[PDB]
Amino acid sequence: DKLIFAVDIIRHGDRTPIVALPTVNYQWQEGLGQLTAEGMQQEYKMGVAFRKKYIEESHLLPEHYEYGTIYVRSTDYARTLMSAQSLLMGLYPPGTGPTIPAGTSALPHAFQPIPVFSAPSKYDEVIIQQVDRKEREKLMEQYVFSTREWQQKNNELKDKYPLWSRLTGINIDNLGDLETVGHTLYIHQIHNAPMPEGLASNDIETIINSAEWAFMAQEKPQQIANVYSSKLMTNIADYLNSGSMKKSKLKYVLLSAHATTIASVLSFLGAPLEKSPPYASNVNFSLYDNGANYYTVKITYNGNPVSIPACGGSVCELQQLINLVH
């Protein structure tokens, strides 16, 4: 069994919060929504593991970056572009960069430039499907807000939304409003950033564990995942199909996505996540040739086999995967 193509959806590394809490004065040094140094090392080390897997152990890619062989597309965010640059620095590190005729390295420490292509979210033909605000609310009310367990979570904390709106500073009427706050509190935890004064230790975990839950409840439904990840899955499907033909120089596609991208894909494959994708997460698609024209795709999420119902496990036949997309 030979590795003849691979697709990596990754998440960006450790980041600053999107919103500041209006009752905490905390200057985030890196800015809002920005890759932290920790995040740069998280992605770099996932790059080294990729090097070991794709170049040392398999030979799927050469030792030094070659034209035609890899494609890297990011979303229209600083943090995914910078996560992508960090990771490729691990995949093709300094020492492997090109050199001028005379013989000395073209860039300091012989770093290797690799292009990270990208499009605005509204013009993205590869990763992101735009969906109108009004139409997501239509979907969200139908497949999620509707559900027994959404209702019951809301109902458990349908009275502390007053106390938390005051202490948080950003007002909370329903669980959806709570998601955005809990994620910011989670990041405050990781970086030892100050919490809203008066907010109980016990209430912190609640808002965090509730924010994760609610975020994941909105990816779980396959109907949602189909609207949001069809384009992306049609594209990965086609990449793998063209990989199987063994004509094209192209062996590897790296997509610099986020948590939603990863959770929407797995939910699409009928393996929705209970837990949030960590920083530096990857869904991986490995195309194997058995030498007898039996093309298999092994899908893994942070190293663990994903079990696709439509394939009865982590191994899909190539056409089984294309069918499941269609």
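Start at 1 and count along the sequence shown; that's the residue number.
In this entry, 194 to 202 shows the higher mean Cα temperature factor of the pair 194 to 202 and 90 to 98. Per-stretch averaging of Cα B factors for 24 to 32 and 41 to 49 places 24 to 32 on top. The entry assigns its greatest Cα B factor, within the set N235, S83, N174, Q112, to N174. Take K158, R79, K251, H188 and read off each C-alpha B-factor from the entry; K158 has the highest. The entry lists a Cα temperature factor for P108 that places it in the lowest third of the chain's modelled residues.
In the deposited entry, the Cα temperature factor of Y143 sits in the top third of values across the chain's modelled residues. In the PDB entry, a CA B factor belonging to the middle third of its chain's modelled residues is recorded for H59. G303: CA B factor lies in the middle third for its chain, per the PDB record. In this PDB entry, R73 carries a Cα temperature factor that places it within the lowest third of its chain's modelled residues.
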